[PDB]
Every structure is written in C-alpha cells, then in structure tokens.
Amino acid sequence: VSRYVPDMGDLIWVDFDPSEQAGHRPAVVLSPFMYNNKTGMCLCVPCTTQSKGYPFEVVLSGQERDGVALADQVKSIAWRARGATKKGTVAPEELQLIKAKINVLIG
Amino acid sequence: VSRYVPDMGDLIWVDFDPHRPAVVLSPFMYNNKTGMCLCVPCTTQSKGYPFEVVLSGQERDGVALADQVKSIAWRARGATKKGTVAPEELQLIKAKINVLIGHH
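Taken in order, these protein sequences are the chains called A and B. Heads up: the first sequence at position 3 corresponds to 3 in this note's numbering, and the numbers run straight through without jumps. With positions in the second sequence counted from 1, the corresponding number in this note's numbering is that position plus 107.
So, in structure tokens, the structure goes:
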C-alpha cells in the first residue's frame, strides 16, 4: 500500500478535532505536492455547505451539491498525522480565485 | 481602555492550545472585523531549513517559520504584543509564503 500525498487544488477530507475548525471537514489544498510530501504538512482552507455571504467565501459547484471555500482561513495542518482522504479536486478557475482572495489579505 | 487589535508586521505573543510568538500577516481592518488574524509561528531554535526567515534584534535571534501560516482567533487566544518585525523581514516571510501558495 502507498499513501495518498495531497496535491495542490485537491479537495481533501481532513481530521480537525480541536472558531471555524470542527471536523472531519473538507479543505482545498494550496501547497504543491513536492512540499506536502517532504514536510508531511500542507496549506489548505476549510470549506462548508452553508454560504453566509461573507466576502472571502469562494463558491464551489459540482454534481448535486454547492459549497464554499473560506479563504481567509488558511491553515497549515499535518495531513499525514490527522489523516486525510481525497474527496476530489477543484476547477483551476476555482483555485485561482481562492489564492486571489488570499493575496487580498496578504502581500 | 480599548483593546489591542494586532496589526500586520506586529509580533504577537499568542497561546496556542489547539504561549508562543508569531508574526501577524493579515491587516488591522480585517484582523479587527473578524477577530481573527493570519500569522506564522516563530521559534528561537532554528535549523537550516528553507522556509525559516531569520528575525534579528537586541540580544535575541529568532526565526519565523514562513511555511506554517495559521488562521487563529486572536481574541479568544488572548494575543498581546511583544514587538514589531522589520519590513525586510515581513516582506521576506511574505515572499516565501508566495512560493508555497503562489499563483499560476
């Protein structure tokens, strides 16, 4: 067997059990495969089903579900340790716009 | 008396209980509206590793680990202010985080 090392723009299911944490919840990964693999850690943002319309939300549409990425919520978590399964991936269009909102908050 | 909402470039001392110092990243207006900040933790023991960015002043030397950025609720975690990082320092940290998060 061989673990799944989260890759950028992957949408994963990660382990949080410690506001805006909860878990087990979905996140959109940010850091590239190279990093995540070596470090065993990854940068990612939490997602949710209920969009309240706050300004850093980025919508995610697909199949028969609609959900939202909260970009300001960027967190470096240890994906290996918490344990993570891969729910799917996000459109590059969607990923771009996330990172875009992150810039707004930093740099 | 009015509280202290932490600002970008500030060095805050915040106790993670998921203390310890961190360089704040997100701006005042946001950090204040949301009661949350972005920042990266810093340590005294530093070893060789790329996403370190070294903080220098007075007697102490330290390093911010640029690659671990966290969105933390600074109010509940009761953050207070130890000092302020040099701009050259902030930018550098920022730029590292870029290479990690980037654009494309």
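Ideal placement from N, C-alpha and C gives every residue a C-beta, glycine not left out.
{"query": "With 9 Å as the limit, tell me which residues of the segment 128-144 of chain B have their beta carbon closer than that to any beta carbon of chain A; keep them in chain order.", "result": "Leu132, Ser133, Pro134, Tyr137, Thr141, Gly142 and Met143"}
{"query": "Express the C-alpha separation of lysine 140 of chain B and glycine 190 of chain B in angstroms, rounding to a whole number.", "result": "22 Å"}
{"query": "Based on the DSSP output, what are the partners of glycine 40 of chain A in its beta bridges?", "result": "Answer by DSSP bridge pairing: none, since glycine 40 of chain A is not bridged."}
{"query": "From the beta carbon of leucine 60 of chain A, is the nearest beta carbon of chain B less than 9 Å away?", "result": "no"}
{"query": "Is any beta-carbon of chain A found at less than 9 Å from that of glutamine 175 of chain B?", "result": "yes"}
{"query": "Pick from B:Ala129, B:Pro157 and B:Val170: whose alpha carbon is nearest that of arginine 184 of chain B?", "result": "B:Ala129"}
{"query": "Tell whether a beta-carbon distance below 9 Å holds between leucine 60 of chain A and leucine 11 of chain A.", "result": "yes"}
{"query": "To the nearest angstrom, report how far apart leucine 70 of chain A and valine 160 of chain B are at their CA atoms.", "result": "27 Å"}
{"query": "Flag this pair as yes or no: are the beta carbons of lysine 188 of chain B and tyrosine 111 of chain B separated by less than 9 Å?", "result": "yes"}
{"query": "For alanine 183 of chain B and chain E, any beta-carbon pair shorter than 9 Å?", "result": "Among the chains of the structure shown, chain E does not appear; the protein chains present are A and B."}
{"query": "Counting only beta-carbon separations shorter than 9 Å, does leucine 118 of chain B have a partner in chain A?", "result": "no"}
{"query": "Please list, in chain order, all residues of the same chain as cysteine 47 of chain A whose beta carbon is under 8 Å from its beta carbon, the five residues on each side excluded.", "result": "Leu11, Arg25, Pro26, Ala27, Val28, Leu60, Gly67, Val68, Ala69 and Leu70"}
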